[PDB]
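Single chain ahead, written as C-alpha cells, the form deposited without ligand APO.
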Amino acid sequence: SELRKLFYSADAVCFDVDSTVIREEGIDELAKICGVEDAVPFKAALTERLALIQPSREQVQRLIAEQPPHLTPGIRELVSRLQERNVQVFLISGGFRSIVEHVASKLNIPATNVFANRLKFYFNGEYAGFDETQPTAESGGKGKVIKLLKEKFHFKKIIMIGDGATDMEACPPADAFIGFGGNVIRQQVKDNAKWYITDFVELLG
C-alpha cells in the first residue's frame, strides 16, 4: 500500500523506454536491421555505436514498420490509468525519437512528452549523425530532462521509473524512483532502490 500511495501522489511520471516500457532496446534492434549486431562517456559511446551502424532513413523506416517493439505487459493499462487521473506521462530515452514516438503513440503520450535523441540524415537518406544538443545525448540526460520539466511545469511530485542505474540516478532531481525488473532485473538497482517492482500490475492498485 505504501508503494501505491507514493505512486498515486505523483503529478508526473517519467518512464525509461528500453527494458521498461518495452522489452527490447531500440539501438539493439536498429543494429540488427543494419546487420551489425555481431560487430556491436555516454555521448562518446553513442557516437561509436552509430559509427558502426550508420543507419539510413530507409533502414530506420524498416525497423519501425517491420520490427515494432513489444510493450511490456501492463504498461498500456498503467499509462491509461495514469492519464485518466490526469497524471502527466513522459518517456525519456537515450534511444531515438523516430522509434520512441511510435511507442508513445501506442500509449497516447504526446510527442511533446517524449525526450530522446534525434538521428540526422543527408538528403539521400544516409546517416549524418545525431543532435548532440539533446539532454539525452549526454551522461545524466534523464535527470537533466526532469530538471527542465520541473522548471517548465513546476510539478510537485515527479517520479522516475526505470530498470537501470541511469534511472535511479535521475533521483534527484526526481522526487522518487521506482525500479523496474519485469523484463530484466538489474541487481544493483534492486539492492539500492527504495521502491522496486517486477510487474506493472503491482502499481495497478
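From 1 onward, residues are counted along the sequence shown.
Not on display, but discussed next: the form solved in complex with ligand APO.
- Although the partner is absent here, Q59 is not a contact residue: none of its heavy atoms lies within 4.5 angstroms of ligand APO in the deposited complex.
- Heavy atoms of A193 never reach within 4.5 Å of ligand APO in the deposited complex, leaving it off the interface.
- In the deposited complex, none of the heavy atoms of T47 sits within 4.5 Å of a heavy atom of ligand APO.
- Contact annotation: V17 falls within 4.5 Å of ligand APO in the deposited complex, judged by heavy atom distances.
- Distance criterion of 4.5 Å from any heavy atom to ligand APO in the deposited complex singles out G164 from the list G164, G140, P68, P173.
- Of the candidate stretches 125-133, 71-79, 87-95, 106-114, only 87-95 contains residues with a heavy atom within 4.5 Å of ligand APO in the deposited complex.
- Taking ligand APO as it sits in the deposited complex, the stretch 174-193 comes within 4.5 angstroms of it through a non-hydrogen atom at just one residue, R186.
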